[PDB]
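Remarks on the structure that follows.
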Amino acid sequence: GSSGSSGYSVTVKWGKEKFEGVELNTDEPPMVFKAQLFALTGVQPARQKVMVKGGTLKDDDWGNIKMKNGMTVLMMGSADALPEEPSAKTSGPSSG
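Just so you know, we're using my numbering here: the sequence shown kicks off at 14 and counts up by one.
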């Protein structure tokens, strides 16, 4: 994607896992923000129940949602998959 001005910063909370300083955009669909969480948590952008201050994140479109930079995003889901060898650099999952 290119051009456009609409990017917010929220905090993704995934159980024990924590993510502060995530790149979120409103100009685009909520599927994107969830597309990232996938690389942040490891759960699909669908199974990833992205909660809201007082609602749930849509998929088709936000819908002029009242977003803000600094808030907190709660996520709920698990990445069901076989216990395959870990393949990551810098940091690792460990959990296995």
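Yeah, the Cβ is synthetic: ideal placement off N, Cα and C, and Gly gets one too.
Let's test the definition: count the other Cβ atoms within 10 Å of the Cβ of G90 and tell me whether it reaches 16, buried, or not, exposed.
As a first step, residue 90 must be located in the sequence shown, where it is residue number 77. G90 is buried by the Cβ-count criterion.
Going straight from the alpha carbon of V65 to that of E98, what length do you get?
Residue 65 sits at position 52 when you count from the first residue of the sequence shown. Residue 98 sits at position 85 when you count from the first residue of the sequence shown. So the two alpha carbons sit approximately 34 Å from each other.
Given residue 110 as reference, the closest of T39, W27, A48 once Cα atoms are compared
With the chain covering only 14 through 109, there is no way to say anything about residue 110.
Report the three-state DSSP secondary structure of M89 (helix, strand or coil).
As a first step, residue 89 is located in the sequence shown; it is residue number 76 there, counting from the start. In this structure, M89 counts as coil in the three-state DSSP scheme.
Leaving out five residues on either side along the sequence, give the residues of the same chain with a beta carbon under 8 Å from the beta carbon of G109.
Taking the first residue of the sequence shown as 1, we reach residue 109 at position 96. Correct list, in chain order: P96, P99.
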